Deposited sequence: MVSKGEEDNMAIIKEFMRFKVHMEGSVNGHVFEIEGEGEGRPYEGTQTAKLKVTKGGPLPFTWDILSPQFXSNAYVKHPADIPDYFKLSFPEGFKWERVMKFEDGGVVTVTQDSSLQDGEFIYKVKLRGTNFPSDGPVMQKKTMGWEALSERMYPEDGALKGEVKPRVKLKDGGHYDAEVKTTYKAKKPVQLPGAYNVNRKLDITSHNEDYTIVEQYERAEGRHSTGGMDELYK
């Protein structure tokens, strides 16, 4: 029931994007105080997916963010009971993805349950045509509001032909018990797909995340 320097996680996602219904199960591990983690994800139902993995990769763990020593770490403080979050991603071409997540600590491992729904992606857009190639480094502003912690970021996906494709992401994180809220601060993240099979039904990803004072 404590957060060790090394921690595994298990994740299950139930998803529908533009009507395509799938599930993913994944196993992760990482170093929660150092801000580093890796996940291996398998599409267990509905593979192969007719859209880019890049809309899914940000949905697979804030207990693994390196926080400065003088900032309350809302995520870590929420355990063992854990926390929930709700996220909306609005992409520039009208696609919307809504995500809700439950995080808990059972038997020495984090357990994540994720529900995702994506709609209104243009059929010939970058998402449904797999035209994207991963996220640029991003800075999530975290700020306290109404007894919850809010995060916001306007991350950019690289396109295969040179462009970028923009999104606005808003997330509300809520501990399951009352915990101390920090003052506003930033989390800097770099999320990479490090390997995948031909049709992206088995995918490994890596993330490094670190909090900084504003």
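If you line the structure up with the deposited chain, the stretches without a C-alpha atom are 1-10, 71, 226-234.
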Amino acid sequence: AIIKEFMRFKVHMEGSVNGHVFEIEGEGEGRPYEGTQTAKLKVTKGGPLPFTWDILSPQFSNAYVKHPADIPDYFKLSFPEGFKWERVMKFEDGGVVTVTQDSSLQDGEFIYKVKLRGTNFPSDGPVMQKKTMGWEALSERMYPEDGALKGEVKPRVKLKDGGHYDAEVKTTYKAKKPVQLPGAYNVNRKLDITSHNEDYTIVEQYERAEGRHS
From here on, numbers count along this sequence of modelled residues.
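Of the two stretches examined, 140-148 and 89-97, the record assigns the greater average C-alpha temperature factor to 140-148.
Here 181-189 and 47-55 are compared by their mean Cα B-factor, and 181-189 comes out higher. Set against one another, the Cα B-factors of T132, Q106, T119, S103 in the record reach their highest point at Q106. Sort the chain's modelled residues by C-alpha temperature factor and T171 lands in the lowest third, per the entry. Split the chain's modelled residues into thirds by C-alpha temperature factor. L41 is in the lowest one.
In the PDB entry, a CA B factor belonging to the middle third of its chain's modelled residues is recorded for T201. Among the modelled residues of its chain, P80 has a C-alpha B-factor that falls in the highest third according to the deposited record.
In this PDB entry, the Cα temperature factor of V157 sits in the top third of its chain's modelled residues, the highest group.
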